[PDB]
Amino acid sequence: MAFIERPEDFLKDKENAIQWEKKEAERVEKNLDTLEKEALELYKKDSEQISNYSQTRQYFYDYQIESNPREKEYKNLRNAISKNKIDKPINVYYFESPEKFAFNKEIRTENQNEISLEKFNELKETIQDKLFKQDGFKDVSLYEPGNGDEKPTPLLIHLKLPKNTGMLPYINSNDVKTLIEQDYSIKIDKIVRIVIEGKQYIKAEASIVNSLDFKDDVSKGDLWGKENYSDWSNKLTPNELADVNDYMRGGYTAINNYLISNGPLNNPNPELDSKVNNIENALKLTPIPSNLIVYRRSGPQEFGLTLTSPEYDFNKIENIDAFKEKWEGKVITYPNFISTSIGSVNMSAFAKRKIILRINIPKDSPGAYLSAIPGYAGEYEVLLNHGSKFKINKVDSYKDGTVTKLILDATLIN
Amino acid sequence: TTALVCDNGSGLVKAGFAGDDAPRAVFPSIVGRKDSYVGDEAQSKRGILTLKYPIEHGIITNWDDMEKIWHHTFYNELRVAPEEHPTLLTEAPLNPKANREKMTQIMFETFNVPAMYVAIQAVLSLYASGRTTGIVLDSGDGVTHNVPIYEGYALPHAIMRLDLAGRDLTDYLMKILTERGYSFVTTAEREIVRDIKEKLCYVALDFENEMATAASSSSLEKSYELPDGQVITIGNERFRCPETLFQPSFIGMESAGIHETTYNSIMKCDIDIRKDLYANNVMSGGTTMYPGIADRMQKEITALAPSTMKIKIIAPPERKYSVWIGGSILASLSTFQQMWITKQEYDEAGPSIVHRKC
Ligand SMILES: *[C@H]1O[C@H](COP(=O)(O)OP(=O)(O)OC[C@H]2O[C@@H](n3cnc4c(N)ncnc43)[C@H](O)[C@@H]2O)[C@@H](O)[C@H]1O
Ligand SMILES: Nc1ncnc2c1ncn2[C@@H]1O[C@H](COP(=O)(O)OP(=O)(O)OP(=O)(O)O)[C@@H](O)[C@H]1O
Ligand SMILES: C/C1=C/C(=O)O[C@@H]2C[C@@H](CC[C@H](C)/C=C/C=C/CC1)O[C@@](O)([C@@H]1CSC(=O)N1)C2
Ligand SMILES: [Ca+2]
């Protein structure tokens, strides 16, 4: 028997979950125009690729993105999902590959029924104190898989989705399904070892952290930046405004090579020391007013490589393995000030850079939308404070033409 | 009553009188650091002094030094009083607003000019060839830009920048000649290598082909006499040097090359004008002077554009001064006279009058 209001979590009540979601599909079908339906039908036929496109579409030139015919499907299916917002939280269930959370080995083989203790602690040590960014279309279940359900990995994600989360219940052949577009980071609050049909699984109790991620929508981003940092060069003491502009108009090279070389300890210098102090407090003036995703296409020497380093060839899988082995899960420090952008799109000036740093910036971190100053060299730029530390949560790779590039999912930990 | 045209670049200032067909003075955009030193006379006193370049990548970054450049321009190069001449200045594409305002403030408050104007360099270049629509590749000593222009209007959202130009090419040629077995490293040696670059380099139509050929022929080898009389030989360095423009990775840069920035710029423009841009690719600046650059650009753009596209690269013999020439024509136009910002307008509205542009 069912209550007349749904619960936040159907748990193992498979039967009410399915019937409820079946009625939801039927209601939601009344709100979709045929372009949305067509997009839904196309999704059933071509799921993998439509989902794969939705994960990495935002990293190309603005004009390449715009010319891509897969945009129609992306935009129309996104819109279908966005229409249908839940009016209170709901918990969902899906399986995930462990390498998704940077655990690049099997928890157990599909033939093993049990998971070792050390495996368990290794997973736990890998996946906690970490925000993992998620993107793209995903099918999720409203009930915990049980006896007779498809169970493709030893890792079950049990995720709480908040109010106003877009969700698209639908029917495919004889299955009731639920579609979301991931646009948030997940926090694994707890893992526990359970058993289902005679095998041990890891169940991850997970929740969501929201952040402004403008991706390729640089106009919306720039609107957001301008309307948050317009006042900002008004609130700078005149002493700060000069050093900022000095930095901005080519001073950054002197200031940053000073920081990187430990000048203030080695061959100290009072003038540009007051400059570092002024630029810093300028960054403390309007702290980043929401959780925010920014992007930086990094030079290879930020990661101990050169253009000609054979280990910068990420088309070779072992070079990707090696890079992960070196950097994934590590914290990383920039003694210099660093530039990032609100936009994810590729650009002429960095067109060939292979390493993209995709950074989570907590609300109130020091920084500023410098591109609220008319005509600044940096495209949609956010400047972060000297000595910033970034935890590298996860390394992904994608294909830009024939070239393999990396996306470093990272978090500003101050 | 004769207007002045001052085209201030990263490496060179080109200056003269509106109505003339060439600048009367062209001198280095350097300051020695009126006891302080500028222009040609600052090079030989370096010194208890080294040379400073106040314009970096097309942008004025030191205003004190820039006042000295401009003082030197009026008094020593042109030998005029600034109070007696309307002065047309040039600026880089996307020059910050505050920068424009500061140029205006200095002209009126420091130099007391009766009138002035700031023009976009790429636009003047385009005007010099009698055009108002086209995409300009402007490559000098310090910066290179693509600037698409439609009926006299620069389209700023489609402007592509590269901080790679003549000086990087000179410096690269120093390195690869040094790898050949010579030694080119000092500031004086950099001038010599610049001269070698200007006299003997060229852009290969097919780079990999031309590298294969280099190991075979010596019809590509050329010689050059140093000031002390040593005659040196230069081979594949002739075309590897400017190849950097199309392959910025040669100097460790991960930016798009100039064919790709040209294409990117066109793709950021309205679909309806793109054929106008493809058919009016105009080159200006000293770093577009390489024999073979136009043919190579033709071929590279052809590889990127639709097979049905009509592509034309316009590279006038005068293109090393087409910005200046464009300013000279402009400042002489009857319809331009209403556009000068007068001293009275500055008094009335302050530096921000440059954006209204009178
Ligand atoms: C358009 O292009 C330029 C400059 O772009 P960048 O943001 O790459 O310039 P940076 O100053 O950030 O890069 C300087 C070079 O030094 C390397 N780097 C930077 N920080 C470090 C650290 N901390 N450690 C080792 N290397 C570092 C970078 O890889 C880069 O090569 C500008 O005009 C834009 O508008
Ligand atoms: N024949 C030539 N071949 C190749 N390069 C040349 C030639 N003549 C001049 N150059 C180079 O062109 C550059 C100067 O050109 P130009 O005066 O247009 O630049 P600028 O205006 O000083 O700099 P920018 O426009 O980058 O601010 C120098 O680097 C010079 O070596
Ligand atoms: C004929 C000529 C052309 C020129 O463009 O000079 C400009 C200006 C010059 C200033 C420094 C020297 C010492 C003083 C020189 C007086 C020079 C007139 C030189 O520095 C450049 O040489 C740099 C270095 S090497 C290069 O590629 N750009 C560009
Ligand atoms: Ca110039």
# chains A, B, ... in the order shown; residues from 1 in each chain; ligands from 1

call {"tool": "closest_atom_pairs", "arguments": {"of": "chain B", "to": "chain A", "cutoff": "9 Å", "atoms": "only C-alpha atoms", "output": "tab-separated table"}}
result
residue	atom	partner	partner_atom	distance
B:56	CA	A:250	CA	8.2
B:59	CA	A:249	CA	8.3
B:60	CA	A:249	CA	8.7
B:61	CA	A:249	CA	6.3
B:94	CA	A:375	CA	6.3
B:95	CA	A:375	CA	6.6
B:96	CA	A:375	CA	4.3
B:97	CA	A:374	CA	6.5
B:98	CA	A:374	CA	8.1
B:160	CA	A:348	CA	7.1
B:161	CA	A:349	CA	7.5
B:162	CA	A:349	CA	6.4
B:163	CA	A:349	CA	8.3
B:249	CA	A:307	CA	7.5
B:252	CA	A:307	CA	6.4
B:253	CA	A:307	CA	8.4
B:254	CA	A:352	CA	4.8
B:255	CA	A:349	CA	4.4
B:256	CA	A:348	CA	5.1
B:257	CA	A:348	CA	8.3
B:260	CA	A:348	CA	7.9
B:261	CA	A:348	CA	6.3
B:264	CA	A:348	CA	7.4
B:267	CA	A:63	CA	6.4
B:268	CA	A:63	CA	6.5

call {"tool": "select_by_dssp", "arguments": {"residues": "region 24-266 of chain A", "states": "strand (DSSP E or B)", "output": "MDAnalysis selection string"}}
result
chainID A and resid 85 90:95 131:141 155:161 166 168:172 175:196 199:209 212

call {"tool": "atom_distance", "arguments": {"atom1": "CA of residue 326 (chain B)", "atom2": "atom 11 (C, counted along the ligand's line) of ligand 3"}}
result
25.8 Å

call {"tool": "closest_residue", "arguments": {"among": "A:93, A:276, A:46, A:321", "to": "residue 73 (chain A)", "atoms": "only C-alpha atoms"}}
result
A:46

call {"tool": "closest_residue", "arguments": {"among": "B:291, B:166, B:156, B:317", "to": "ligand 2", "atoms": "only C-alpha atoms and all ligand atoms"}}
result
B:166

call {"tool": "residues_around", "arguments": {"residues": "residue 285 (chain B)", "least_positions_apart": "4", "cutoff": "6 Å", "atoms": "only C-alpha atoms", "output": "PyMOL selection string"}}
result
chain B and resi 138-140+319-320

call {"tool": "write_last_selection", "arguments": {"atoms": "C-alpha atoms", "output": "CSV table (one decimal), in the first residue's frame"}}
result
chain,number,residue,atom,x,y,z
B,138,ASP,CA,48.4,43.1,-38.4
B,139,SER,CA,51.8,41.7,-37.3
B,140,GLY,CA,54.5,44.0,-36.0
B,319,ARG,CA,52.2,47.3,-46.0
B,320,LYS,CA,55.0,47.9,-43.5

call {"tool": "residues_near_ligand", "arguments": {"ligand": "ligand 2", "cutoff": "9 Å", "atoms": "only C-alpha atoms and all ligand atoms", "output": "PyMOL selection string"}}
result
chain B and resi 7-14+26+28-29+55-59+92+121+138-145+163-170+191+194-195+197-202+242+284-291+319-323

call {"tool": "decode", "arguments": {"residues": "region 121-160 of chain A", "atoms": "C-alpha atoms", "output": "PDB file, in the first residue's frame"}}
result
ATOM      1  CA  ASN A 121      39.924   1.373   3.469  1.00  0.00           C
ATOM      2  CA  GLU A 122      41.799   2.177   0.267  1.00  0.00           C
ATOM      3  CA  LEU A 123      38.485   3.183  -1.396  1.00  0.00           C
ATOM      4  CA  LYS A 124      37.530   5.226   1.660  1.00  0.00           C
ATOM      5  CA  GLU A 125      40.893   6.997   1.773  1.00  0.00           C
ATOM      6  CA  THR A 126      40.609   7.706  -1.969  1.00  0.00           C
ATOM      7  CA  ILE A 127      37.040   9.021  -2.037  1.00  0.00           C
ATOM      8  CA  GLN A 128      36.618  11.136   1.121  1.00  0.00           C
ATOM      9  CA  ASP A 129      37.171  14.833   1.806  1.00  0.00           C
ATOM     10  CA  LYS A 130      36.459  15.262  -1.920  1.00  0.00           C
ATOM     11  CA  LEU A 131      33.996  16.954  -4.178  1.00  0.00           C
ATOM     12  CA  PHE A 132      33.668  15.049  -7.442  1.00  0.00           C
ATOM     13  CA  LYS A 133      32.253  17.064 -10.361  1.00  0.00           C
ATOM     14  CA  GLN A 134      29.508  15.355 -12.394  1.00  0.00           C
ATOM     15  CA  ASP A 135      28.248  16.186 -15.878  1.00  0.00           C
ATOM     16  CA  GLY A 136      25.820  14.956 -18.463  1.00  0.00           C
ATOM     17  CA  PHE A 137      22.832  12.725 -18.883  1.00  0.00           C
ATOM     18  CA  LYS A 138      22.340   9.829 -16.499  1.00  0.00           C
ATOM     19  CA  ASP A 139      19.655   7.184 -15.896  1.00  0.00           C
ATOM     20  CA  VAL A 140      19.032   6.606 -12.184  1.00  0.00           C
ATOM     21  CA  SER A 141      16.656   4.358 -10.189  1.00  0.00           C
ATOM     22  CA  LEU A 142      14.241   5.500  -7.486  1.00  0.00           C
ATOM     23  CA  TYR A 143      14.652   2.148  -5.666  1.00  0.00           C
ATOM     24  CA  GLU A 144      17.625   0.171  -4.334  1.00  0.00           C
ATOM     25  CA  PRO A 145      18.494  -2.705  -6.679  1.00  0.00           C
ATOM     26  CA  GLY A 146      17.693  -6.114  -5.183  1.00  0.00           C
ATOM     27  CA  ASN A 147      17.259  -9.774  -6.130  1.00  0.00           C
ATOM     28  CA  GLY A 148      17.063  -9.980  -9.962  1.00  0.00           C
ATOM     29  CA  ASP A 149      18.110  -6.374 -10.735  1.00  0.00           C
ATOM     30  CA  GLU A 150      21.058  -5.655 -13.090  1.00  0.00           C
ATOM     31  CA  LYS A 151      24.199  -4.950 -11.021  1.00  0.00           C
ATOM     32  CA  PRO A 152      27.131  -4.097 -13.317  1.00  0.00           C
ATOM     33  CA  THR A 153      29.720  -2.924 -10.734  1.00  0.00           C
ATOM     34  CA  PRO A 154      30.512  -3.441  -7.049  1.00  0.00           C
ATOM     35  CA  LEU A 155      29.797   0.263  -6.371  1.00  0.00           C
ATOM     36  CA  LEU A 156      26.288   1.517  -5.660  1.00  0.00           C
ATOM     37  CA  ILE A 157      25.697   5.253  -5.390  1.00  0.00           C
ATOM     38  CA  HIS A 158      22.851   6.304  -3.088  1.00  0.00           C
ATOM     39  CA  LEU A 159      22.441   9.988  -3.835  1.00  0.00           C
ATOM     40  CA  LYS A 160      20.140  12.588  -2.328  1.00  0.00           C
TER      41      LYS A 160
END
